Structures are given as C-alpha cells and as structure tokens.
Amino acid sequence: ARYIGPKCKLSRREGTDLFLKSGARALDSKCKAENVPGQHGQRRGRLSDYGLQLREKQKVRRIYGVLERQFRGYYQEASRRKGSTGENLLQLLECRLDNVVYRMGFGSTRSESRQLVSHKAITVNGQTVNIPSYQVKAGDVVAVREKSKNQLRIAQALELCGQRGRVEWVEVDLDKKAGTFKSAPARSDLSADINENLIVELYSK
Amino acid sequence: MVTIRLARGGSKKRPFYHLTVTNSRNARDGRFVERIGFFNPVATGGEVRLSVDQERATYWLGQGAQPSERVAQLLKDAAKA
Amino acid sequence: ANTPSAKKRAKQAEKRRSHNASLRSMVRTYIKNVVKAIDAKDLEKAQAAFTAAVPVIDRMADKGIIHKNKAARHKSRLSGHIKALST
RNA sequence: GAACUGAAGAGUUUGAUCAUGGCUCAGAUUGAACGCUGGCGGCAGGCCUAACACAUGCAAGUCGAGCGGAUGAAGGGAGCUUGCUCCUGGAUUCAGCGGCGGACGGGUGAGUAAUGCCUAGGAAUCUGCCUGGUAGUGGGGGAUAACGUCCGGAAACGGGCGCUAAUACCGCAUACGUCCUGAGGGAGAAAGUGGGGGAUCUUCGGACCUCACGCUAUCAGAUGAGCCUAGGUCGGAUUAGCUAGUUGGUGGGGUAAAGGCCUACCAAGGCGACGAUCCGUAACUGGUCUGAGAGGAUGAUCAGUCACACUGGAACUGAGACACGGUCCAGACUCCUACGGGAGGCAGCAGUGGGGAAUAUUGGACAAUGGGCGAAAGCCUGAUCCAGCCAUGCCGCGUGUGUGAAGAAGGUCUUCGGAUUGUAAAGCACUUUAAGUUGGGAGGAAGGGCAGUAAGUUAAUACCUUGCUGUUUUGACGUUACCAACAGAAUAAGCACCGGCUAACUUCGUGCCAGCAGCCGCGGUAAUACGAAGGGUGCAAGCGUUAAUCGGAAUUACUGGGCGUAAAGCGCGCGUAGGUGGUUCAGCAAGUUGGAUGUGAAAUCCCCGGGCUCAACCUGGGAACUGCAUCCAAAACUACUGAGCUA
Ligand SMILES: [Mg+2]
Ligand SMILES: [Mg+2]
Ligand SMILES: [Mg+2]
Ligand SMILES: [Mg+2]
Ligand SMILES: [Mg+2]
Ligand SMILES: [Mg+2]
Ligand SMILES: [Mg+2]
Ligand SMILES: [Mg+2]
Ligand SMILES: [Mg+2]
Ligand SMILES: [Mg+2]
Ligand SMILES: [Mg+2]
Ligand SMILES: [Mg+2]
Ligand SMILES: [Mg+2]
Ligand SMILES: [Mg+2]
Ligand SMILES: [Mg+2]
Ligand SMILES: [Mg+2]
Ligand SMILES: [Mg+2]
Ligand SMILES: [Mg+2]
Ligand SMILES: [Mg+2]
Ligand SMILES: [Mg+2]
Ligand SMILES: [Mg+2]
Ligand SMILES: [Mg+2]
Ligand SMILES: [Mg+2]
Ligand SMILES: [Mg+2]
Ligand SMILES: [Mg+2]
Ligand SMILES: [Mg+2]
Ligand SMILES: [Mg+2]
Ligand SMILES: [Mg+2]
Ligand SMILES: [Mg+2]
Ligand SMILES: [Mg+2]
Ligand SMILES: [Mg+2]
Ligand SMILES: [Mg+2]
Ligand SMILES: [Mg+2]
Ligand SMILES: [Mg+2]
Ligand SMILES: [Mg+2]
Ligand SMILES: [Mg+2]
Ligand SMILES: [Mg+2]
Ligand SMILES: [Mg+2]
Ligand SMILES: [Mg+2]
Ligand SMILES: [Mg+2]
Ligand SMILES: [Mg+2]
Ligand SMILES: [Mg+2]
Ligand SMILES: [Mg+2]
Ligand SMILES: [Mg+2]
Ligand SMILES: [Mg+2]
Ligand SMILES: [Mg+2]
Ligand SMILES: [Mg+2]
Ligand SMILES: [Mg+2]
Ligand SMILES: [Mg+2]
Ligand SMILES: [Mg+2]
Ligand SMILES: [Mg+2]
Ligand SMILES: [Mg+2]
Ligand SMILES: [Mg+2]
Ligand SMILES: [Mg+2]
Ligand SMILES: [Mg+2]
C-alpha cells in the first residue's frame, strides 16, 4: 500500500537525512530534527544489535517508500541473484519506476513522484505504465506525456532538482522532458555510508 | 483408436494447446505416449503462433492415427510453410 | 432401468442368452458323446463320433459362440486320445 | 557455456561459578478455525467430521444410407365447383425390430500390509473401432416384434390365436490366407445399402461397369489389457510357532494363456528370529512442507496405478464387465396399493436434515477444446468453458500533493519557566489511480452452405475424391479486455504491543483485591508488568489467538553424543548364530573403480528467454531426477580358491 502521516516525525525518530520533503528551505529548521518524538525524546537510548538491524532496515524502507512484504520479496530476489546479494538488493531496489521518475528530476518528493506515476502521466516507450513498482530495464526512454509537458509542477520540480548532483551514468535530455538509462549503477555510486551487509545479516537470522 | 488432438493448458481466457497423441478413451489432458508441438492462440510479441515436429507426426500418421479436425487444419497449414 | 436403451440392451441380452444356451448345449453334447465313446473302449464308434463332431465344433468356433483356441484344443486332445486307443 | 553459494543464538536450578540436563522463545509453512476491523482487481482454492439418511430439478444417447409400418406435404391432372376427394407421385416426423455407444468421461478412499504400489526384467496370451497388404461378398429357408382379434389386471402389462420386413437368425455353395490331423486326408464364412453410367439379355424390374459406405477369412503394425520372477513398502515379541490342497510328481479336466487353477492317486513335505503367524493402523507413487546437508514429517490441488458403487452373493451380453444412473436372488430402511403385487438407491452437479470449530448457487451455453452416434446436416454432454458466494492463499493498487509558525486551540506531563501530540491542524495552491457517468472497442472463430474451375479411377469430360476461386454465415462470458472524456480530495484504516528475552514510558484508580501471563514472573497504599488515559513501537486490508509439522535440538549424535562421581558397564565365566582376521606367492573377478547402452511418464524444483502496463500467473529451451538394469576394461584393498611362513 502506502504510508500516510507526518513526514518529519520519522526524520526526528531516525535522526538522519531521510529525504521526505521538497527541500525548499532546509532539513533542520522545521522540526528540530535531532530528537526522537514524543515526551521521551531527549534520550539517546543506546540500542542493541537487533536495534541496529531494525533501525537501518526501517531507514532504507522509509527512504525508498516500500512495504515489507514487497521488501522481503525484493530481498529474496536479490539473494537469488548471483554476485554479493548485498549490493544486488540496492541495485534492484533502485530500478523502481517511481524512484526513477523522482531521480530523473520530474518530481519534488517521492510521494509526489508516486502521485504523478499512479495517475497515468508518465511513459516508458509511449505505453501507459502506472504501477509504482515497475522495474525499468536499461535503455528505456522514460518520458512524460506530450499532453502533460505543459504542467508547471514538473517545471518547478525540475528547477528544484537542477541543483542536487549528477549521477554520471544516465543521459537525460531536459528540453523534451525525457530520461534514459544505460547501465545499472555501481555500489560506489550510491551514498557509501549505510552498509548493505548488516541488512543481509538481519535477514539471515 | 489412438488420435492426435489438443490439450488445453494456459490460464483462464488465455488458452494454450499441446498437440498430444493420446488414446481416444482418455481425458482431455490425461495420459499420452508422445507430444509433437504446441499452438498459441494469443501470439503477440516474440511468441510463436504454432510449432510441430514433422518427423514424429509423419511416423504417427504412418502408424494410422486419426487427427482431429482443428488439428488437421493446423498441421496442413504448418506443412504449407 | 431408467434409460430406454438400457431396457433394449437387457431384452436383447435375454434373447441372446436363450439363443447361446442351446448351441453351447449342442457342442457339449457332441464332445460328451465322443468322450464317452473313447472311454467305453470302442474304436469304430469313436471314429464315427469324431467325424460327426468336428464339423459342428468348427462351425460353432467360427460362429462366435466359443473361442477358436478352445475348439482347436478339443480337437487335438480328442484326436490324441483316439490315436492312443488305436494301438 | 547457467542450472547454487550454505550452518547465529537467548531466558530459566545458585549467595555467586563451571558442567550436565529438561522446559520455553526468536523462522518457515497450513484445504485451517475464532475475536476486532474492512476499498478494489488478477490468478488459484473451497465437507478434513457421519462410505450418515435423502424431497424435487438436471447428469447417455444416436442412426431413415439397415427394416416393415404409419405421418404422408408441394404438386403433374380429373369430378362437382373455389372446397374437398381421388390417380400418380411425394418433402417432413417416429412407436417397434436392428447397428453402435452405454466397460469412456465423472465421483469417493470404505476395504487392502499385499492377487495393491514402485524399480528392473520375461513368455506361455488376447485385443472392436485405426492403418498397411492378401482373398471374397453366391444361392435358400423357417420365424417374430410392431400390427389385428380375444381373455385377464390397479398399474407396470401378461397370456391365446393370424400375418409381415431386414445389414435379425440358421442350412447350403467353395478354402490365396487359417485349424487340427505326423506324412495321408479331413475340418471350418460372407449383407447388402446409396450415387452414376457406354454396350449387351431385358420390365438398362434387374443382370453388367464404376465409386462411396458396409460385411467375411487371415498376416503385420501400433493402442489397450491379462500372466510370471527378483528387490523395496507402518508399529508391536507384554504376538514363536504357522500350514493337510498345504509342498512336489503323474493322468485327466479347465482358461485366450503358464500354474494345485480343479480333480484322483503317489510321498511328507513347505514357511519362519534375514521375524513366519497374529493384533492395531493405513490406498500407493510422482510429489508437498521443512533442513546447510544428511535427514524428519507428510500424500490438500494436478498427473499415473489400485479399489468401491445401500449391504452380501451370482452369472448373462461383448473385443473388453462380474457392470457408477444394467439383470437375478436375499437383507435393512423409506413409499404406493384395488391386498394380487409393485418402487427406490446423489461416494454424478446444485440442494436439504444432521454431525461439526468450520467449507459455497436448487446459475448460464454448446461459443471453444474433447466424447458418443451418422457419409452429411445435426442431437446429446452438471465432462468442459464461464458466471455466483467466501480477506482462504499469493500478487498488485488506492484512502491523495506542495507549501504552511501564530509553533494556532484542546489533551498529557511538568521543574510552572516550558515541553509534547506537531507541519500535525487550519490557510493558500495542484493531479484524478481506483470506484461513478458517458461514448468508442480488438481476441477467444476453426469451420459450415451455395456456384464455378483444374487435376484422378474406370472404358468413359458420367458420379464422386482432392486444390483453389467467388457469395453467405455464429459468442453464454459480454455493459469483454482495452481506449477516451467529465465533475469532484471529493469517497475508502484497523489490530497488536511498550519489565527482560524483543523495538517502543508517564500519569491517574485500586491495594496479594480486581486482574495479567510463552518462560522468568507482576499486584499487599508513588505498579514503565493490573484497568484506563495520553505518548510511542511494529504490521497493514489486514492484525492477532488457537491447533499441527520441521528447525533451533549435537535433545536418538551415519555425517554428529555419551557411561569413575550428573542417566548409563550385565555379579562373574564358558560358549551358539553373527561381527572382525598375523604374513608371502599365484589365480578369479562378487565387493571396489572408470566407460558405454536402456530406462528413470508428464507436470512440479533449478538456469536462460517470451506474454498479460509489472508481479502473481501462463509458457519455450536446457539442466537435473544421487536411483535401477546389461555389457567392456583394471587389480591396490576386502571377499573366494590353491600353495606356503612363524611374530
Ligand atoms: Mg497488499
Ligand atoms: Mg457352413
Ligand atoms: Mg467368424
Ligand atoms: Mg535468586
Ligand atoms: Mg549453568
Ligand atoms: Mg424412433
Ligand atoms: Mg476414474
Ligand atoms: Mg470425503
Ligand atoms: Mg492385518
Ligand atoms: Mg446378419
Ligand atoms: Mg515381490
Ligand atoms: Mg489329495
Ligand atoms: Mg507337472
Ligand atoms: Mg496334477
Ligand atoms: Mg498363481
Ligand atoms: Mg512381526
Ligand atoms: Mg493416510
Ligand atoms: Mg482406513
Ligand atoms: Mg502412508
Ligand atoms: Mg483405501
Ligand atoms: Mg528449500
Ligand atoms: Mg540441522
Ligand atoms: Mg479429496
Ligand atoms: Mg491420478
Ligand atoms: Mg468393480
Ligand atoms: Mg458388488
Ligand atoms: Mg447410504
Ligand atoms: Mg443391490
Ligand atoms: Mg462373450
Ligand atoms: Mg452401468
Ligand atoms: Mg446414482
Ligand atoms: Mg453433490
Ligand atoms: Mg449444515
Ligand atoms: Mg450444527
Ligand atoms: Mg465439438
Ligand atoms: Mg437429454
Ligand atoms: Mg479477495
Ligand atoms: Mg477471519
Ligand atoms: Mg527494548
Ligand atoms: Mg497484556
Ligand atoms: Mg498508583
Ligand atoms: Mg498496563
Ligand atoms: Mg535433530
Ligand atoms: Mg520443538
Ligand atoms: Mg550427553
Ligand atoms: Mg548419586
Ligand atoms: Mg564389573
Ligand atoms: Mg547374556
Ligand atoms: Mg567367550
Ligand atoms: Mg564363530
Ligand atoms: Mg589379511
Ligand atoms: Mg570370516
Ligand atoms: Mg558401476
Ligand atoms: Mg520428470
Ligand atoms: Mg584382469
């Protein structure tokens, strides 16, 4: 399904980046994002190993907005796939359609990217795809409808994402509102702070 | 007699047919002795419409096996190609 | 019965039984006469009974009342018994 | 080329410690049920208990190109008149005889511990419809149903008399194939219908030539079935002896076929601690769930085999039955009756009563794939294809989106300053997924008929067989999948938990009471454990609880444990079966090793692709199925054979 609720209470609990807003002003000066929520919030609360696994699994799930039946199916597929399942899980989870239409610069938030993809406003080769789970094969030209190219929400999201970094493996033409994926991202490409091995340790128990 | 007919695999409203050489007093998808090919009534994309094995079919006909009407039509159409 | 074809099959079956019984009795009669001819230790009447019994036995084997292997076995065994009696 | 790559521990005996040892927990799964709650779609699944009893409705018919009979149209003509009848004809329909099918498809798992199943084999058998060869389809007869007539009956109907048809039945005619008989000889069958026609005898009635179907005798091929041998198939020894048709032989009988399968004589044999007999329990397999593996549990869906059809027996019909909506006899239980006699079998599809924790509609159509019947139209099909109810399972999508500090009001706590629910709310501004409405809209559909044309068999432009051409022609699902537009954020979140194991705390109320609990355990007047509030944590159209299996459990230890004191060495010898065997030379080839060949059904598992917007799901190819059997080669070790040696 989907998650509805506060989008920074989660950040306050987790205490990390956890991209969940447009990023207009900042990440901090909205919710004092350094304390866990509720009355009992100032306590750091040193937590055991099981705490570590639960915390990072929730971190990845919340950043990528995936439910747990789907997430465990993803993990099983990654384990099936050869060659160091830890990064296979990340590579396979990255190729989701909604996260691609976000990272291609067409949406302000993951939730807004899902909003756009569900209401049948984005193409893959001209064919209507509206499942926010489609695994995009390398080569496909993800684009927005010729009808929808004049919507201003895409324009504002694009100008906001204009300054967020360059991934250096996709080839994007911005005038026509189209994307292109050449080959799957490497492990070094993604943020090398959260480790993949601790997840596979969690699911191996 | 022993006859060659169609066994209905696939899913609901998505047929698929195995060309089976079965004894006529058997179920539609019961025991058989050999399978010569298949017919796909949906095709689309890289899926092939029909394929059979010619030599085994000729052997079965040379042993006197009656093909059904639709099976006869499809086998003669394949023999055309 | 319930379906009329079942009734027709039934009545045709009693007709077929009342037919087949008489012919089975006839063949058994002929072989029995032959067997009691040999067992009585006489050759000429055994010859005559065998010659009068083979035609009906073979005609009945062909007619489909009994099976042909049975008729051939009867013929061979009775001929062997008579030939043994000949000495 | 790819077919796998995989193994976690925690709590609890003590004042504390190490070991042993049981209990409980974290995982994956169910044909599951219950409690709270509940939007949609796709694919699957759905009486596990009473093989308990059953109302009604449906689930096997078909052929007029087999046969009499009766229904006999349209008409070519006539009578009188406008209507009927009739001559000749004649398109439709079917009660009965006859030919196929009913032994398939469908259901259930009672029985069955071996006449079943699985693996490998082999010899003495049969087999309609199907295919390929070969040889023929000549001539007679006696009946009978229906049909009249009479008697009897409540009915199903029964009986007497008369007559008729055939592809119904039985003689007769011959034997390329067949059977027996030793050579010798002998024995054994046929049915004709429909479409055309050159010539001939003649009523081309018919004979004659051709084609189509059909019939007879036989060889072969498949397809299906029968029979035999070896190995494996649950627990119990608090079940140790079982068997007289029993074990073998001879003569005969019998079956399609080998056989004590049956019988009369001959002898006393046969099986068994490698578990016979007996008791309990149970369909078997491919496979399914777990596990790192070895193993452990199991046989829901789908497929192969077996058994049964209210209970117990028996045979007839046939190619095949001991016969699932066939027959006969007996029984139990419901029903009709004129009191003489009759009827029934939902373990076929819906349905009901009852049992239970618990499992659904008395729905559509032959449209498609198959089946039966016919030459062809076509009929029958609760098999099949689709619908209905059900959060039962798996997969997927929705309940929106950005900004938003006055950090708004209420609630909770407080150190009374403030914090917290919280960008959460309100406010501003955007899209229409799904559902709603309207309009477009494939694909499941092959084929069927009518006319022409060209090829082929005769002896023939005759029929017919075959190609093509042109015209016409069908859908239950179905308001299809799918597409487009429209208004409106509109319209759709719950459950468990928060002492440790295990992620998540404060206050109020009781005061060893009321209550909680998987294990340690909480509660007797500040309970993070009870009951409520706020606040959090975890899952999510679900969430928990119960019942069941494997894992963790190296806790039945082959892989992989132990026995001085934790449980565990017989009180001690001798010895049977069994297990094991110092050293040398040589042989053989059972074990052992390598290879080849046949099988290991399909599906499922694994790897690489294809299709439905992805997935679930469907599907191509490959891999695999460690198993089993038959051969070829080697000789180190074990076994077997022969000859030695002395530790
Ligand atoms: Mg879901
Ligand atoms: Mg004759
Ligand atoms: Mg005959
Ligand atoms: Mg203590
Ligand atoms: Mg201890
Ligand atoms: Mg009729
Ligand atoms: Mg069956
Ligand atoms: Mg049952
Ligand atoms: Mg027993
Ligand atoms: Mg006849
Ligand atoms: Mg055996
Ligand atoms: Mg005796
Ligand atoms: Mg003997
Ligand atoms: Mg004997
Ligand atoms: Mg025997
Ligand atoms: Mg025993
Ligand atoms: Mg069982
Ligand atoms: Mg039982
Ligand atoms: Mg069992
Ligand atoms: Mg059983
Ligand atoms: Mg597994
Ligand atoms: Mg283990
Ligand atoms: Mg069942
Ligand atoms: Mg089966
Ligand atoms: Mg039976
Ligand atoms: Mg019976
Ligand atoms: Mg009953
Ligand atoms: Mg009975
Ligand atoms: Mg018979
Ligand atoms: Mg029957
Ligand atoms: Mg019945
Ligand atoms: Mg039923
Ligand atoms: Mg009930
Ligand atoms: Mg009840
Ligand atoms: Mg059909
Ligand atoms: Mg009917
Ligand atoms: Mg559902
Ligand atoms: Mg429920
Ligand atoms: Mg904790
Ligand atoms: Mg509780
Ligand atoms: Mg208190
Ligand atoms: Mg409490
Ligand atoms: Mg174990
Ligand atoms: Mg256990
Ligand atoms: Mg021990
Ligand atoms: Mg002691
Ligand atoms: Mg001692
Ligand atoms: Mg002893
Ligand atoms: Mg001793
Ligand atoms: Mg010894
Ligand atoms: Mg030795
Ligand atoms: Mg020894
Ligand atoms: Mg070997
Ligand atoms: Mg297989
Ligand atoms: Mg050698």
Legend entry - Calculated FRET value between residue A:193 and residue A:61, using beta carbons and R₀ = 22 Å, to 0.05: 0.85
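Write out the trypsin sites (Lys or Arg not before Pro) in segment A:115-147 meeting two conditions: DSSP loop, and at most 10 other Cβ atoms within 10 Å of their Cβ.
Of the trypsin sites (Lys or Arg not before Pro), the ones in loops of segment A:115-147 whose Cβ has at most 10 other Cβ atoms within 10 Å are A:137, A:147.
Could you tell me what fraction of 2.2 N^0.38 Å the Cα radius of gyration of chain C comes to, as a two-decimal ratio? Please report the intermediate quantities before stating the final value.
On the way: Rg = 17.5 Å, N = 87, 2.2 N^0.38 = 12.0 Å.
Output field value: 1.46.
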Legend entry - Using a Förster distance of 35 Å, the FRET efficiency for residue B:81-residue B:25 (Cβ separation, nearest 0.05): 0.60
Inset, instruction - Enter the angle in degrees (range 0 to 90, nearest 10) between the Cα long axis of helix C:4-39 and the first principal axis of the Cα atoms of chain C, meaning the one along which they spread out most. - result: 10 degrees
Inset, instruction - First obtain the Kirkwood hydrodynamic radius of chain B from its Cα pairs, then insert it into the Stokes-Einstein equation at 25 °C and 0.890 mPa s, and state the resulting D in µm² per second as a whole number. - result: 188 µm²/s
Inset, instruction - Could you work out the mean projected area of the convex hull around the alpha carbons of chain A, in square nanometres to one decimal? - result: 12.5 nm²
Inset, instruction - Could you please state, rounded to a whole Å, how far the C-alpha centre of segment A:13-84 is from the C-alpha centre of segment A:145-169? - result: 26 Å
Legend entry - Kirkwood Rh, angstrom, the protein assembly as shown [1 / mean 1/r, Cα pairs]: 30.0 Å
Inset, instruction - On a C-alpha basis, how far is the centre of segment C:1-59 from the centre of segment B:1-26 in Å? Whole number, if you could? - result: 48 Å
Legend entry - Free-standing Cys residues across chain A, given no other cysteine C-beta under 4.7 angstrom: A:95, A:161
Inset, instruction - Send over the Kirkwood Rh of segment A:32-130, from the inverse of the averaged 1/r over different Cα pairs, rounded to one decimal Å. - result: 16.0 Å
Inset, instruction - Report the label-to-label distance for residue A:137 and residue C:32 in nanometres (one decimal), using points 7 Å from each Cα along the Cα→Cβ vector. - result: 8.6 nm
Inset, instruction - Go ahead and estimate [θ] at 222 nm for chain A from helices alone: -39,500 (n - 2.57) per DSSP H run with n ≥ 4, summed, over the residue count, rounded to 500. - result: -10500 deg cm²/dmol
Inset, instruction - Return one number: the angle in degrees, 0 to 90 and rounded to the nearest 10, between the long axis of the Cα atoms of helix A:68-80 and the longest principal axis of the Cα atoms of chain A. - result: 80 degrees
Legend entry - log10 of Debye I(q)/I(0), alpha-carbon scatterers only, for segment A:1-74 at 0.21, 0.22, 0.25 Å⁻¹: -1.04, -1.11, -1.27
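Every number in this text was worked out from the coordinates using simple rules, so none of it is lab data. Every residue, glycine among them, receives a Cβ derived from its backbone with ideal geometry; neighbour counts consider all protein chains shown.
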